[PDB]
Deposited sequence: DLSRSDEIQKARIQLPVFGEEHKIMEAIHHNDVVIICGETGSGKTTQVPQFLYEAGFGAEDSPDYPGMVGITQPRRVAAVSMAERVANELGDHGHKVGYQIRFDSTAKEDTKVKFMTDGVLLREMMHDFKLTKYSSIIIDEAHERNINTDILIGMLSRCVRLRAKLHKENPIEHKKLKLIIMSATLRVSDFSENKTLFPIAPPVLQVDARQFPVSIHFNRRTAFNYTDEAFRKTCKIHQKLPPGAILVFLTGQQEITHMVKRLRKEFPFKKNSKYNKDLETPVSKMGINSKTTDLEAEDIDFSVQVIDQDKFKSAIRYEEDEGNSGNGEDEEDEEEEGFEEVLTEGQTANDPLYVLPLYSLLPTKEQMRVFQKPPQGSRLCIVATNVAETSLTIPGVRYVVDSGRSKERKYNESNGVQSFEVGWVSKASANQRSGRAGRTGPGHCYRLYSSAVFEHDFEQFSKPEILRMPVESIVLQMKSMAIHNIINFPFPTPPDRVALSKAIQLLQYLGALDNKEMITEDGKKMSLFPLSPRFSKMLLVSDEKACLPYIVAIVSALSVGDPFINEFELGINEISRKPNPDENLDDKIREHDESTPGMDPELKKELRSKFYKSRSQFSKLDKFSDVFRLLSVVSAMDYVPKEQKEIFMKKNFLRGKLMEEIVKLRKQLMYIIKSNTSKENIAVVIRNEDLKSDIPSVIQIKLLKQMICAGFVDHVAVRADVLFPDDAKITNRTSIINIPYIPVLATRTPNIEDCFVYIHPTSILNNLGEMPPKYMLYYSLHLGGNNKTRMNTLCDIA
């Protein structure tokens, strides 16, 4: 027999999924694949595994369902917390419940209900595709559309098909597999209507959760300093409004730690109270890297966007086209004071497990609970008693810049769907309030309706590399929920081959696996991997960071000081002396960063970035102004170098003991001559498919050229280019801003280019990196 406590079984009957047990189990008995949709707090994660367990799934001599019940989460916080909750709810059967969030954790013997991440199950499928240890797999939180979730759903479609075939043949020897996909929303047509996933559409069950009304309060304007605004709003809620918990939505650990410290200092418990160490978080993050667990966007610090208040405000100035703050008309109730202690706790994915469990316990009497969380608390779990939500409206998400191939992880607006999901957390126990730290205008105009599936926010070569690191062989025909185009997939496989991440039979190499460990686009990952020779790693880190952020050099044409037009075509129609003096100082400044190498634009980049570390704080602006630099880009490059250094150091160890890096660690020696030649080979490894040979070499005497041709007129041809019936439609040229223009000597024979550019219609121009010998 199974025996739960009175508290437990009475909590369960309130949950809307509990009431639909009948329809759910009926569908599961009649169908191998079932989709269940229900809002957060419905009881999906806690109750469906219990339904299966009570039905005999995993029972030690079940004739049809002896395998475990596996349930995946895209979020490891949810995996662990919801495992602990289900173990509690199973009473004297709770020992059957375990979890696994690390690759090399080996789970308990008697575990029959197993919570794990996405990536854990993907890895188990490498050793047993059929997942024979499992009677049922629940893919949870699918509406988040993380890349591993999409991949797992495709993999499981094949697995369930195969298990059904084998079970049809011999049911004593091969058991069926029940696949259940669970979603917070109805947006499941990429699963339910996808015929390559499910030839026969699975049933879609809807659970009708009862959410109390939540009053939505927009701020009048949208503050740039959202952490200060959230602190301010949280204090006002706490001091004026009746009992109930506060959930604050920030974007990452650093912000959360700082905000929790401010709140504890503002509303402490009495001096040397026991509670002022139940709140202590002596370890800000667990030792974690990509070798042991699947990094989530939230965990990765690699941001390339300039933060800038002026740019922010001008981007949203339409809100200035149209008195008290709304949502503060309720008052304190008896036994409350404006200065009650705040039982404030952090909640983010890097948080140690024992600390992350504190958020479900009741606050001590006479205090108010405040959870400062990332969007882990948006749909993946529920904090009891939340009456007030404070929404920064933002999150850290993966982004892919199509124009330059840079993958990064950036703070930006969430979708409207996500904002509404955040608000809803204030409506689980009773009517509540959500305080959005942004205007109704900004919400309307700049919050996208729906967030893009992560597969659409990735370099396709990253998608392919991840699947290949999971030993998924057939990429082209893989049943994606949202498939990339076959052409892009083929090109991505070929790129990974040029990078040596896939071999000639399209299988991952050892260097491929190492690259798959990095959160960067594979060209950059490759350059960092081959870089640990002759103390060259820091130079490559500087170069990758500069390329990721962008060109900090303001050029003559942007300064409006060019003597000759950018383009030679003769179309369209104080200041002079000053312009000539500006040109003088500009070419001097440029030359000052061109001393490491005479042919290589990438090394003038390295040069400014290196010089930047010797310019003390009070010189930055003078430095910037004197050198026509984009100071915000330079500062961002400093920050990114430090982030990337942390990423590498965290990867060297198995357990992360990487130390905070300080600005003084970036001080570089200027590279030696052989160091420079080597850097050129490393960069070339990242861009092997981008070499351009002077047309006069491949074809001498068959094409025009003269003694005094402008350098910018000297034709190059990318070796991998598609020769056309009329050839010259395919040549490319050196840009007039490059270092090469100051040669006079003839330009190199083999040049390495970052990319080619066609806007600016004279001719296709090269964005040059360096020469190849």
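Unmodelled regions of the deposited chain, listed from N- to C-terminal end, are 323-333, 585-598.
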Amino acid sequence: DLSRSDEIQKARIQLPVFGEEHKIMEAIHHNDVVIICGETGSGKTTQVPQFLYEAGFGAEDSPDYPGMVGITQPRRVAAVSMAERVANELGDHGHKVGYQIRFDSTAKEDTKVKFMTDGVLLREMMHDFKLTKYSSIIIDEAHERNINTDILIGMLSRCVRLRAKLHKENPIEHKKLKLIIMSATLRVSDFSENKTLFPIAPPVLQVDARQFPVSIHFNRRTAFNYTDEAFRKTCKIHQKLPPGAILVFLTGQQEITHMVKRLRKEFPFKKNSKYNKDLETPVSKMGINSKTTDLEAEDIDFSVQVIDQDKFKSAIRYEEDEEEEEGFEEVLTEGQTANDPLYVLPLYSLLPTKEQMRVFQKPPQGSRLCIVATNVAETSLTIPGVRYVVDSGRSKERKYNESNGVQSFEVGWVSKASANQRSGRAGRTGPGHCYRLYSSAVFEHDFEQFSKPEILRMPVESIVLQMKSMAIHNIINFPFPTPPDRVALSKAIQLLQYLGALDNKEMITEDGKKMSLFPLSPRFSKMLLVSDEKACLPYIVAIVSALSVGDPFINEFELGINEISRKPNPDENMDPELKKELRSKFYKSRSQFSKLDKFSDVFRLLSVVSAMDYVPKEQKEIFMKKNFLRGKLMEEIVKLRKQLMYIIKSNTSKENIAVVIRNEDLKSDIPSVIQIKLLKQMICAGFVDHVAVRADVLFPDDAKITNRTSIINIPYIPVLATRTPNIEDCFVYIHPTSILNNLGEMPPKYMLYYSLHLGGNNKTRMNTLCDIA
From here on, numbers count along this sequence of modelled residues.
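Between the stretches 685-693 and 406-414, it is 685-693 that shows the larger average CA temperature factor. Higher mean CA temperature factor, per the PDB entry, when comparing 146-154 with 622-630: 622-630. Highest CA B-factor among the listed residues (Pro453, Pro576, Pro74, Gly430): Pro576. When the C-alpha B factors of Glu355, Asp228, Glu84, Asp669 are read from the deposited coordinates, the top value falls at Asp669. Ranked by Cα temperature factor within the chain, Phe302 sits in the lowest third according to the deposited record. Annotation for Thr40: C-alpha temperature factor in the lowest third relative to the rest of the modelled chain, per the entry. The deposited CA B-factor of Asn713 belongs to the highest third of values across its chain. For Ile657, the recorded CA temperature factor ranks within the highest third of the chain's modelled residues. In this PDB entry, the Cα temperature factor of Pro616 sits in the top third of its chain's modelled residues, the highest group.
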